[PDB]
Amino acid sequence: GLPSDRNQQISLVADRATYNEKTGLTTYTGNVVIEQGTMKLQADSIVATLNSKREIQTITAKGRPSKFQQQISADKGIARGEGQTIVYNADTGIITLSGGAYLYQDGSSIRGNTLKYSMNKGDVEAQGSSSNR
Amino acid sequence: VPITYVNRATXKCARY
């Protein structure tokens, strides 16, 4: 699009970035991050799927480790979500720890099967374990 | 609200 950048709000930064012409996607690599709020969505690599509106209909993330962080309080700066792969509803602000998952905050962490990330006074309570790879 | 696509390797930026 034309220059408008006095009105930006989201920022991604990448060391290797690629469009995906024959399939509409955009794919990013090299310790990449997308920022807007306390949701510290870094990875190595990000696959942004998008439609006719340039609307980013869903995003997939991966790295070594696979995880993102979040800032919840000035002391509770340390919350995070990890899993076998990560997929993100940019359509509603909710991240999903795909297949098998781990979720951590100060004083608590929970792990097991696939789960959607929480930002309220409620947990997932489902329990198990999963290997690294 | 809009997206900034800023580059390492180059110190430049992009949009959609």
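Chains as they are written, first to last, in the entry's author numbering: chain A, 32 to 164; chain B, 206 to 221. Yeah, the Cβ is synthetic: ideal placement off N, Cα and C, and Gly gets one too.
At least three beta-carbon pairs within less than 8 Å, the region 132-144 of chain A to the region 111-118 of chain A: yes
Residues of its chain near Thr58/A, where Cβ-Cβ distance is below 6 Å and the 5 sequence neighbours each way are ignored: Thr49, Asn51, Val78
Burial state of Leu128/A, where buried means 16 or more other Cβ atoms lie within 10 Å: buried
Which listed residue (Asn82/A, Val44/A, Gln39/A) has its alpha carbon closest to that of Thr215/B: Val44/A
Partners in chain B for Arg85/A, counting only beta-carbon separations shorter than 7 Å: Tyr221
Near-chain B residues of the region 34-45 of chain A (beta-carbon distance less than 9 Å), N- to C-terminal order: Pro34, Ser35, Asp36, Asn38, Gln39, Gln40, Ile41, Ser42, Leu43, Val44, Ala45
Cβ neighbours of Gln158/A in the same chain (closer than 6 Å, five flanking residues each side left out): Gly143
Exposure label - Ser160/A; buried when at least 16 CB within 10 Å: exposed
8 Å Cβ cutoff, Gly61/A in contact with chain B: yes
Start-to-end residues for the beta strand (DSSP E) that takes in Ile103/A: It is not in any beta strand (DSSP E) - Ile103/A carries neither H nor E in the DSSP assignment.
C-alpha distance - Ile103/A paired with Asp122/A, whole-angstrom precision: 22 Å
Chain B contacts from the region 92-107 of chain A (Cβ-Cβ distance under 9 Å): none
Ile90/A classed as buried or exposed, judged by whether at least 16 other C-beta atoms fall within 10 angstroms: buried
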